[PDB]
Every structure is written in C-alpha cells, then in structure tokens.
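Trainee: Have a look at this one before I ask anything.
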Ligand SMILES: [Fe+3]
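Numbering (the authors' numbering), first residue to last: 1 to 54.
Here's what the structure looks like:
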C-alpha cells in the first residue's frame, strides 16, 4: 500500500501503522480512510495529503 505525506507538515501516513488513536486501524489503505480524517499532527484535511509512492 502507498504511503502518503501531509503537505502542510510532512507527517507520513503509513498504512501498516494506520492512525488508530483517531479511528484509522493499522492496515488501512489511504483511499479507504474516511474523508473527514485529518492529519494527527497538524490538523490539515485529508485532501492536503499526496502519495509518496506511485
Ligand atoms: Fe500535517
């Protein structure tokens, strides 16, 4: 699965790690994250992330 990075702060969403603290289980693909999720570190919306990977 692709990693994604927050373009506001550089946080990396890693799908193996997820963001469980905010309801995104480890193992969740970025496209499957609910679209009201925000970056755990700076609060930016999901739509300010972009792929690292492909
Ligand atoms: Fe961020």
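In this text, a Cβ means the ideal position worked out from N, Cα and C, and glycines have one as well.
First and last residue of the beta strand (DSSP E) that includes residue 54?
Mentor: Segment: none, residue 54 is in no beta strand (DSSP E) and carries neither H nor E.
Trainee: Closest by CA to residue 38, which one among 54, 53, 19?
Mentor: Cα-wise, what sits closest to residue 38 is 19.
Trainee: Do you know how far the Cα of residue 30 is from the Cα of residue 6?
Mentor: So the alpha carbons of these two residues sit roughly 12 angstroms apart.
Trainee: Can you name, in chain order, every residue of its own chain whose Cβ lies under 6 angstroms from the Cβ of residue 8, other than the five neighbours on each side?
Mentor: Contacts found: 42, 44, 48.
Trainee: Any heavy atom of ligand 1 within a distance shorter than 7 angstroms of the CB on residue 24?
Mentor: No, since every heavy atom of ligand 1 falls outside the 7 angstroms radius drawn around the Cβ of residue 24.
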